[PDB]
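What follows is a single structure, written as structure tokens, with notes after it.
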Protein chains: 2
Amino acid sequence: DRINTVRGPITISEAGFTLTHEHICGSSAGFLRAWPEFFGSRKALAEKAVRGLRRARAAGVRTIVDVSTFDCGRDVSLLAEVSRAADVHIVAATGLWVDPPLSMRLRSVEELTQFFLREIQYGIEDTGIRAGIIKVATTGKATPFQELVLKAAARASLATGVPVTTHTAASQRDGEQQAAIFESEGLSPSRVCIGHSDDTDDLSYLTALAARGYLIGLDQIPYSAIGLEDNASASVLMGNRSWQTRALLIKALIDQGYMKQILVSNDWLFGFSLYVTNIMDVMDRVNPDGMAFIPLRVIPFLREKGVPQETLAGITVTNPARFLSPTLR
Amino acid sequence: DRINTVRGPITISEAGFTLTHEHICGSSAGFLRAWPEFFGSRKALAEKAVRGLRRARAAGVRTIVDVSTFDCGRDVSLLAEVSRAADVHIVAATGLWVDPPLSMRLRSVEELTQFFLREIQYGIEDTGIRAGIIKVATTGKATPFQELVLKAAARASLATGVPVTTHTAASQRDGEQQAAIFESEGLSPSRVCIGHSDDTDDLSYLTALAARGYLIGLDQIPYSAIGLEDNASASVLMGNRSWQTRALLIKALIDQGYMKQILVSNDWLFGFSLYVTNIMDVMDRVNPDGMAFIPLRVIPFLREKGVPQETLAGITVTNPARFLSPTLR
Ligand SMILES: [Co+2]
Ligand SMILES: [Co+2]
Ligand SMILES: [Co+2]
Ligand SMILES: [Co+2]
């Protein structure tokens with residue numbers, strides 16, 4: 001029926017063209033509040049985000065999913081503010097990313113489940129803003145704590161119908177262990193997106209997941225450190241393949257007959273404190289289109305390579321709606 | 001000649017009997033706001049904290065220094081709220097503890113100096129509340145990042161006259177390396193307290209630092225896991241020496257001529273998310289006096305051993321006043 005946004009519950013039909021993996025600000029918990037000058041200021045960060053969202057909107061984007069968790073420095077009232085100013089829906093996330101603090105690392109699976117459910121059914125902090133997605137992450141084989149997080153995510157999903165989205169190291173085929181763990185919890189693959197899947201050339205790894213009912217997150221399309229290979233921080237972050245190479249996996253998955261299982265995005269941000277301090281400037285130099293990269297560059301590129309209009313709109317409208325709309329299957 | 005508190009600057013006289021290493025809540029950045037139900041509720045924690053402070057105040061305490069940092073879950077507005085309600089002065093801290101998030105770990109010594117100076121000179125978050133102390137931490141030999149934190153603290157202190165206080169593993173003799181770094185930065189030992197120094201009975205270690213002019217933090221006096229031996233968390237946290245063993249070190253340093261270098265405290269808290277879930281309950285079971293433990297139990301203990309009121313007054317009033325009052329020397 002309805003989807004939780006930072007401005008309240010909306011009908012599925014209001015989502016329209018959705019980017020399913022983005023960030024307003026990728027930071028750490030409390031870091032934006034304690035040190036806004038890292039980002040110019042809170043106001044300059046907010047203005048920059050509103051500019052970016054209005055540009056993506058002019059290009060046809062109606063909704064983004066901010067998959068920043070607690071430990072990724074999600075600041076939900078910032079998300080609320082830029083949503084209202086830009087008139088772009090924003091779905092906020094719960095879950096845990098790859099930098100949980102000690103107060104999280106020491107929690108049991110039952111405690112974590114209570115936490116994730118809190119931010120979905122009760123709200124995030126004291127904002128009354130409720131998460132419409134759960135974000136989790138592994139980086140290679142899951143640590144014992146990550147195993148907890150994945151189970152807690154599956155359980156929160158199973159109690160609410162809110163889907164799970166993942167950060168992976170696709171090159172190490174993380175999606176296979178993630179999926180094995182999600183299924184052990186009785187979670188339906190149709191409530192799970194295996195993200196960062198565009199970082200691999202292995203089309204078999206992808207179609208198998210797709211054939212199992214999972215969604216495939218081809219969500220870092222503009223990421224490439226070509227031309228700046230000596231920037232270590234950009235190189236680890238963006239890798240060494242072209243955006244066209246990343247974008248061509250969309251076509252490949254379509255040609256295998258799995259367009260229904262594809263979600264595309266930019267994984268873009270407007271502030272970034274988690275690498276070298278000017279990583280955001282370096283990324284903006286790589287992709288001046290920001291979040292409008294998908295509608296402005298990827299969509300025409302794919303149409304030029306022969307992909308039908310109906311298909312590109314199914315991937316950017318139908319699939320996100322079917323993914324976000326609350327269900328157990 | 002004034003000390004910053006959460007309710008504004010106070011005179012030296014107003015500080016009175018001061019506990020120099022305490023916590024309202026030991027947690028992680030943003031944890032209390034994201035998950036207050038871990039602590040019953042923010043209201044239940046506040047009320048416990050307020051009752052706690054009123055009790056300490058009835059026992060003679062006028063001021064506490066909350067040495068919770070950003071990454072130790074400092075919530076300065078909670079500190080401001082409980083300070084007003086109980087009419088106990090609270091000095092807030094800057095610095096970093098042992099759990100810095102990625103957004104902190106990637107920062108340079110120059111950036112860390114900037115952030116610490118922000119919190120001292122500009123204010124904590126958007127509160128306008130200024131830190132009156134810098135807290136740093138090592139656990140054995142400093143990591144590459146902890147070296148940067150220590151250097152940045154020395155520099156911040158050097159620019160403001162605001163003192164530095166440390167978390168140590170006393171058994172690893174951390175004070176010796178902390179001192180060497182601090183001195184290499186040209187920071188006066190009179191502006192530094194080497195904390196958690198009561199965890200060891202190594203007097204040659206303590207008197208060497210005390211001889212250099214360092215203040216010695218005997219700050220976990222009520223910590224003892226005697227009785228609850230099989231409690232995993234309580235033993236690691238509190239060790240196996242009785243409180244009277246910890247307290248005797250105070251008398252030890254007095255008798256070796258160092259009463260002016262001694263600062264005493266409980267290292268007590270009213271919420272704690274950094275160990276097993278019910279750690280606060282267990283600790284309250286050990287020390288039902290809370291922050292009143294120092295004035296109600298430790299002070300009379302020393303008095304019975306023949307330590308004059310004049311000497312006790314100097315340790316609990318004069319010493320904290322000389323320590324907190326801004327100076328480079
Ligand atoms: Co990611
Ligand atoms: Co992301
Ligand atoms: Co400590
Ligand atoms: Co402490």
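Going by the structure tokens order, chains are called A, B, ..., each with residues numbered from 1, while ligands are numbered from 1 in the order shown.
Neighbours of ligand 4 at a cut-off of 8 Å, computed so that only C-alpha atoms and all ligand atoms are counted, are the residues residues 21, 22, 23, 26, 67, 68, 167, 267 and 268 of chain B.
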Throw together the list of residues within 12 Å of ligand 1, counting only C-alpha atoms and all ligand atoms, and drop it here as number ranges by chain. A: 21-23, 26, 66-69, 72, 96-99, 135-139, 165-170, 194-199, 217-220, 223, 237-238, 265-269, 274
Could the residues of chain A that have an atom at most 9 Å from chain B be listed as CSV, each with its closest atom pair and the distance in Å to one decimal, counting only C-alpha atoms and ordered by chain and ascending residue number?
```
residue,atom,partner,partner_atom,distance
A:27,CA,B:103,CA,6.3
A:28,CA,B:103,CA,5.8
A:29,CA,B:30,CA,5.4
A:30,CA,B:30,CA,5.2
A:31,CA,B:103,CA,7.3
A:32,CA,B:125,CA,8.7
A:33,CA,B:125,CA,5.4
A:34,CA,B:125,CA,4.4
A:35,CA,B:125,CA,6.9
A:36,CA,B:125,CA,8.2
A:70,CA,B:34,CA,7.7
A:71,CA,B:101,CA,8.4
A:73,CA,B:30,CA,8.8
A:99,CA,B:101,CA,6.9
A:100,CA,B:101,CA,8.1
A:101,CA,B:28,CA,6.4
A:102,CA,B:274,CA,5.9
A:103,CA,B:274,CA,5.0
A:104,CA,B:31,CA,8.4
A:105,CA,B:274,CA,8.9
A:106,CA,B:275,CA,6.6
A:107,CA,B:277,CA,7.6
A:111,CA,B:38,CA,8.9
A:115,CA,B:35,CA,7.0
A:118,CA,B:35,CA,8.2
A:119,CA,B:34,CA,8.2
A:124,CA,B:34,CA,6.4
A:125,CA,B:34,CA,4.4
A:126,CA,B:33,CA,7.3
A:272,CA,B:103,CA,8.9
A:273,CA,B:103,CA,5.3
A:274,CA,B:103,CA,4.9
A:275,CA,B:106,CA,6.5
A:276,CA,B:106,CA,6.8
A:277,CA,B:107,CA,7.5
```
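Residues in contact range of residue 155 in chain A, defined as at most 8 Å between only C-alpha atoms, with sequence neighbours fewer than 6 positions away removed, read residues 113, 185 and 187 of chain A.
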State, in Å with one decimal place, the distance from CA of residue 63 in chain A to CA of residue 15 in chain A.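 Computing it gives 5.6 Å between the two atoms.
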What residues in range 82-252 of chain A get the DSSP label strand (DSSP E or B)? Please answer as a PyMOL selection string. chain A and resi 89-91+93-95+124+129+133-137+164-167+192-194+215-218
